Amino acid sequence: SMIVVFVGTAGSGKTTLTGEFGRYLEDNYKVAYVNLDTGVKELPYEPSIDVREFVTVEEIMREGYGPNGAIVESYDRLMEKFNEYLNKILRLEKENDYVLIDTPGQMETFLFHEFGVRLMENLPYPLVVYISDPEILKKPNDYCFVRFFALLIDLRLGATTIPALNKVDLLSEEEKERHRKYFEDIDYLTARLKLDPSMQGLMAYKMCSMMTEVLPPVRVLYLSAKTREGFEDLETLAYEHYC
């Protein structure tokens, strides 16, 4: 029962949120941890599955591989244990209320390599949580970018993907609210995309402007591993997705 997958650019906090959301859930639930990151040093949780026991980036780099070569090469090698890791995960799923899956440092390793894609395809209705550093959020279209990236992850992995900001504890309340408006109120971002004479911006207005198509929900989550902000919302979204 319940498999939640944390997905995000390096630095966004996937690992931190896996550990901390896990501890949060370990008050009322059976929780298992799955590390799919080959090039990670230390984990704040204790994994039932650690792909580092099979291969690691740096170890492959001692063969003359560049960093971006040893990463890619590490996931080529993991395919040797594709079926083994899949069945292990399916087994954890029967033994726990939550399996939390921590992904490769770079999300493109997950999204573009066969390992992650095929793992996700053969898993029972996993929930993806796609987390962003609010720091990426400058111009109006950034907001549109976030929501479309989630849709794309959703397309690519064939799993419901929840868009989330992490580290919201670092935000001033000004910034806090400034993001909510754009993310909450739709007609608001849309307005700010209107007064954009430039090439891109109109391109984004005409995009997100579908509102009907897109899909009513996909309210954005505000999480923080530090204050545990948002965890109850996530917990809620996950049982709701399981329903």
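The first residue of the sequence shown is number 1, and the count goes up from there. The term rigid core refers to the most C-alpha atoms you can superpose between the two forms while keeping them within 1.5 Å.
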query	finding
Farther-lying stretch by C-alpha RMS in 5 other deposited structures of this protein, rigid core as reference, of 193-201 and 34-42	193-201
Rigid core superposition result in 5 other deposited structures of this protein, more deviant of 179-187, 48-56 by Cα	179-187
169-177 versus 80-88 - greater average Cα B-factor per the deposited record	169-177
Stretch with the greater mean C-alpha B-factor as recorded in the entry, comparing 141-149 against 127-135	141-149
Per the PDB entry, maximal CA B factor within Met211, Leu36, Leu43, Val31	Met211
Third of the chain's Cα B-factor distribution that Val7 belongs to, per the entry	lowest
